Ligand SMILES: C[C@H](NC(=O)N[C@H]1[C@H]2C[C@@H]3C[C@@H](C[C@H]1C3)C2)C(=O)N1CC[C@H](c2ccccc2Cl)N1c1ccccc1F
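The chain below stands alone, shown as structure tokens; this is the form solved without the named molecule.
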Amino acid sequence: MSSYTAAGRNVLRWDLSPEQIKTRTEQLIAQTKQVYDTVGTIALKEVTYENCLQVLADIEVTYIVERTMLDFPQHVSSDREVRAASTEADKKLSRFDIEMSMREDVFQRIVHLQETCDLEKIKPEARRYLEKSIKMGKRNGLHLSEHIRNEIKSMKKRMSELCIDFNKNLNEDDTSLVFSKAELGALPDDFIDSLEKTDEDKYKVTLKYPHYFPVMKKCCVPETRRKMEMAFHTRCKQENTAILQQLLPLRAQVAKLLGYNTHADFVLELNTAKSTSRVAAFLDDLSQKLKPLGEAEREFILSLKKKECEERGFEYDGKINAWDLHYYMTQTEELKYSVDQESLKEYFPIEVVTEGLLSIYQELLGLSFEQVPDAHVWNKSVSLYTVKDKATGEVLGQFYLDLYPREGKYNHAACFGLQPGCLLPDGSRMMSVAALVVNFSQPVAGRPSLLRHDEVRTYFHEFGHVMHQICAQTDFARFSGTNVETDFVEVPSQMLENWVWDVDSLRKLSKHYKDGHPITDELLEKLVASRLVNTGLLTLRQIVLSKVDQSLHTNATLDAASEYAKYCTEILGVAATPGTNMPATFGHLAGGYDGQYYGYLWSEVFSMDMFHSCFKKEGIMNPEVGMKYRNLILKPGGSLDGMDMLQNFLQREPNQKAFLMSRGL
């Protein structure tokens, strides 16, 4: 199969039945184990590049591809049975993945290969493959005595149970509060109308996000915001505090047994940040540079509160409490740049946004997008596109667009890698495949689907991952697509969001759905000018969370709540409510990427450096810079370190000048 057609390069099945998913799962695991069994028994002196490295690499490709037909349906299939089977498949496959990574016999063979092998006779990416594989083995303790490995296991198995419990608690929580309409003042009728009513003249308000935020952002009754904030930040307090008290010390022990000083050092080693000290300095210096901006905003908010308390006689306490931050930050947006989102959206018909988004990217990256006519999909609402390189006709890959909310479908925005763009056994390249999964407002009444600006920003964000997935071309599957450092994966996505704050780009993405008139120059200037409203406190709040995250993985004997309170008053200027335990509701800690929360802010600094220093310098639609970004930042996927690719693109080490200049510092 050629690199100049898509024909036959994508045969992923999206209509598998629950029994077919079960069968394929059982067959994948067994057949794949046999390959590791075969590599794990090769005589150490007989280990070679073809019978070892090439064997492990070939199996990684075939395995990852079969695995996606099995673990993806749980996120998009409309059939409840199919979804459950996929979830089950993902559980068996995930346990199998752990098993294989714990194969001491296989580790031995790769360690010996790297020795007896002349690393200078093989491609740089294959050297990286070996080094990274051996490194992952050491990180799993495969070089340690059997006694120590067993200890690490009994601890990791207990840390998984703890994280699953921490999360289960928060998810199964159904705490509720009852308020009279008087107590929910200022809240929209659309909000109140959707609330359940009790046998009293009261409305039920849960603690789930859809209820919590509009109440913290719009409720003009201070005491209501107060009770919500108290109840919301006390969820699972006992249970999860108890879990954290066991979990963090466990993370410390495991790190020690592995040879690291702290769990943080363990996590950060695989990131571009590299170490605990580097992250601490990153966050510490940022909050210092941001301090003055936080003092002004905090001051501005204070003048708004004191003033409003007099115009309603609520009483003033001279301070910004936790249950006041969102509220006054919203008031700020309405006074600085009154941007009516429900009005603006009318200028963003999904049809127009989609066409615009794709047009921009085709021109910027030298690509051509063509929709697949009668494409095999998991839902009639999904469209499939084939991606060719404008110049050569080369088919880089395909991407699916799943844009509307649907029962059973993943409810958050994301980009899934379905097929890696790596080499196949005969040297031919596997076509990359990605699925963009978002949930944009569907067409209501006679009006088409209309996107708010933040949704247009999400569309671009996710499409940034799609392009990373599709343009990434490596020799090995493990370095393909978005397999870059965790604190680097959000670089491609956040850099592309800059385009939705670009006047000229916005013109290409909007047209009033009715008469089709463009957005007024006056409104455009206002929209882009409001990009940084409240950036001070917002960023400081992100730094607070980032510090808590590092702290809980640098220590152990630490009280999560007090640590959070400490940074809240020291960095944010808004005290943490006495009696609450935000960290115990911090889903990021347990499951996920603990010790890496700073990653998002870390990535913004870099994306901002590239956008300003390169695209702004040369013109953000300049094809030359566009191609360099694709070739130097996207194309290599994870086959090169993040900082090296940044250097390659910038032609100097990255720095935060741009990130600070934008913020206005």
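Residue numbers here begin at 1 and follow the sequence given.
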*Mean C-alpha temperature factor, higher of 253-261 and 117-125*: 117-125
*Of the two stretches 175-183 and 399-407, which shows the higher Cα B-factor on average in the entry?*
175-183
_Out of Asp521, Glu370, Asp71, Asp389, highest CA B-factor residue_ = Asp521
*Looking at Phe282, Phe300, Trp501, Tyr385, which has the highest Cα B-factor in the entry?*
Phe300
*Consider only the C-alpha atoms of the modelled residues in this chain, order them by B-factor as the entry records it, and name the third containing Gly356: lowest, middle or highest.*
lowest
*asked:* Splitting the chain's C-alpha B-factors into thirds, which one does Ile64 fall into?
replied: lowest
_Based on the deposited C-alpha B factors for this chain, I'd like to know if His143 is in the lowest, middle or highest third._
middle
*asked:* Split into thirds by Cα B-factor across the chain's modelled residues, where does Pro210 land: lowest, middle or highest?
replied: middle
*Sort the modelled residues of this chain by their C-alpha B factor and say whether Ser613 lands in the lowest, middle or highest third.*
lowest
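There is another form of this protein, the form deposited with the named molecule bound, and it is not shown here; the text below is about that form.
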*Heavy atoms within 4.5 Å of the named molecule in the deposited bound form: which stretch among 584-592, 201-209, 495-503, 136-144?*
136-144
*Would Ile110 count as touching the named molecule in the deposited bound form under a 4.5 Å heavy atom rule?*
yes
*With the partner left out of view, is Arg478 within 4.5 angstroms of the named molecule in the deposited bound form by any non-hydrogen atom?*
yes
*Looking in the deposited bound form, any heavy atom of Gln245 within 4.5 Å of the named molecule?*
no
*Does at least one non-hydrogen atom of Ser613 fall within 4.5 angstroms of the named molecule in the deposited bound form?*
no
*May I ask whether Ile470, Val484 and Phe488 all come within 4.5 angstroms of the named molecule in the deposited bound form, judged by heavy atoms?*
no
*asked:* Please identify the residue among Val605, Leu640, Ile64, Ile42 with any heavy atom within 4.5 Å of the named molecule in the deposited bound form.
replied: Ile64
*Only one of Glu295, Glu310, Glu355, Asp97 comes within 4.5 Å of the named molecule in the deposited bound form by heavy atoms, so just point that one out.*
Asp97
